[PDB]
Every structure is written in C-alpha cells, then in structure tokens.
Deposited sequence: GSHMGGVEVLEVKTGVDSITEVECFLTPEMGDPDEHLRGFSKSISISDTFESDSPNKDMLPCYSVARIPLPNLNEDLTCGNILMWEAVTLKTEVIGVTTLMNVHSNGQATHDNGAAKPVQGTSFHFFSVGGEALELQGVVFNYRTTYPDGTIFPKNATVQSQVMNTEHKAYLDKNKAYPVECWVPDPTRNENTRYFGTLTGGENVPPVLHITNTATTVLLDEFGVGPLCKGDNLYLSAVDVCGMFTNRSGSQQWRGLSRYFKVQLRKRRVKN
C-alpha cells in the first residue's frame, strides 16, 4: 500500500458524525448505562463474573460513500455526552454522613476512544488467569498464569459490540498501525470524575508522515469506553456507570497503489 496524492475538489471530502452508547452490562429493563451490582469472589479460582456485571468495549463500523481511492481520516472532535447527570445526588444513593446528600459517582474510571480504517486490534491481559469469563462474552482463551502479564496467543479484533469485556482486553501496541487510540485508566475507589466538555477542540489523526487512518472497504471504525466510576446505592452495593461518546470525523479521498 504505497500512499499517493490527496484528491481535491468539493467532492473529495466527507464527515461522519455519530455517538456510541456505553455497554456497562444493562442488568434489567430500567438500567441502561449501569452494570449489575459488583460482588467479590472468595478466592481467585472462584472468580466467575456475570456478563451483566462486566463493562464491554463499544464499537461502530460506519459505512462511507463507496469508492484505487480510500477515505483517509484526518481530524476528530469527541465529547462525553451527559456529564451533568453525575450531579444527581438525590436518587436513593448512600448519604455521605447523617443528613447529607448521596455520595456521587466516583472511583475507578476508564476513558478511551479510537478511530481506525479497520477494527481495533486487541491483546488479552487478565488480572487473574483463573477468572472464568461468562457465556456471551469474547475473552482470552486458554489463559495461563503467563496471561496475567503477557500471553501473545491472546489476539483479537474488536469486531462486535457489547462482547469484549473492558477488564481483559487492551489495544495491541504491537499492531494498530492503521488506527489512532487514546485512553486513561484512573484507579482508586474515591477518585473524583473530572470531565471536560468543549466544541473547540480538534485532534489531528495524521501520523508522522502526514497520513491518517485509511478506510479498508470504505468503512470507518470508531471504538470507545467511558466507565465514569461507580454509583453507590443506599445499601452500599455499587454499580459501574457509563456515558455515551460523540464522534465527528473529517475524511478526505487519498489515492494508493
């Protein structure tokens, strides 16, 4: 794939604008955006989380106008949608002290997004190799104790929505040359969410040679995780809470050989 000149003319550009909903587990008909309450196994070997307790990666494959030319992704604007929902501190949460407001959403967060010309490539890593991941999820198979640090057998494509659990997969840094990805894990049970919004910020997707992701088969791949923290119920039980992510991507036509 030798990359040649960019096309010009009114017809040579296009935009993709959409949102990815979060996939936190959705334990019942009222709990879109939440996981099942989190329970703790008594031993490493008995860790067997329910599917509805596991946040998963979000992904959308977006068809582009049919076109050798390829759409090249050049810029991104992105935003977490609904940040102010975390100000609801009145909905049967757990009072921080006698007569106080409910404890707000807080604790471990993972905020991640990617834009590529093909599926995000994943490497499996597990906290505990004896965790049994549930039916309906796609997970590192044949996990060994080495899978707790690095097992090169665990290679996958993020090719299905609400299927790849966040905790056992990361972007594969050995691959992904045709994707740009960005993430932050902020740990701790008390860490405060810090969520910025603005319509004035643009990320340039071009690599060090001036080339953006090139869309194979005229498809653009967007992926996201926005686990904002956990909601604490009055009882003390805790559920992951997630939010949607907005994407606006500008593309141009690029000739290749």
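**Student:** Can you give me the gaps, meaning deposited-sequence stretches with no C-alpha coordinates, in sequence order?
**Tutor:** Sequence ranges with no C-alpha atoms are 1-6, 74-81, 272.
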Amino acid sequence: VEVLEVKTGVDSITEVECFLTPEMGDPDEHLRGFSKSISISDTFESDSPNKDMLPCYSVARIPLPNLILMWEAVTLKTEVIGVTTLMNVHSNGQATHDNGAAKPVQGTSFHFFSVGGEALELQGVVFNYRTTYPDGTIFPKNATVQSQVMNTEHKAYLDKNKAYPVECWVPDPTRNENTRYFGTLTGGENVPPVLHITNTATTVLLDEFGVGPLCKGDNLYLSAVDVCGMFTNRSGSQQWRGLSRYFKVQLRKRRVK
From here on, numbers count along this sequence of modelled residues.
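Take the two forms, superpose them, and find the largest set of C-alpha atoms that agree within 1.5 Å; that set is the rigid core.
**Student:** To spell it out: superpose each other structure in 5 other deposited structures of this protein onto this one by the rigid core, compute Cα RMS over structures and residues for 201-209 and for 43-51. Which is larger?
**Tutor:** Once the cores are fitted, 43-51 deviates more in 5 other deposited structures of this protein.
**Student:** Mind pulling up the entry and telling me whether 226-234 or 23-31 has the higher mean Cα temperature factor?
**Tutor:** The recorded data point to 23-31.
**Student:** 163-171 versus 137-145: which one carries the higher mean Cα B factor per the record?
**Tutor:** The deposited B-factors put 137-145 ahead on the C-alpha mean.
**Student:** Among the choices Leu67, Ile40, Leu54, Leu195, identify the one whose CA B-factor in the record is greatest.
**Tutor:** Of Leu67, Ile40, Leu54, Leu195, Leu67 has the highest C-alpha B-factor.
**Student:** Split the chain's modelled residues into thirds by Cα B-factor; is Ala156 in the lowest, middle or highest one?
**Tutor:** Highest third, going by the recorded CA B-factors of the chain.
**Student:** Can you tell me whether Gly187 has a C-alpha B-factor in the lowest, middle or highest third compared with the other modelled residues of the same chain?
**Tutor:** Top third by C-alpha B-factor.
**Student:** C-alpha B factor of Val249, ranked within the chain: lowest, middle or highest third?
**Tutor:** Within its chain, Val249 is a middle-third residue by C-alpha B-factor, going by the deposited values.
**Student:** Report the third (lowest, middle or highest) to which the CA temperature factor of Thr203 belongs, ranking only the modelled residues of the same chain.
**Tutor:** Within its chain, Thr203 is a middle-third residue by C-alpha B-factor, going by the deposited values.
**Student:** According to the PDB entry, is the CA B factor of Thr131 in the bottom, middle or top third of its chain, that is, lowest, middle or highest?
**Tutor:** Middle third of the chain for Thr131's C-alpha B-factor.
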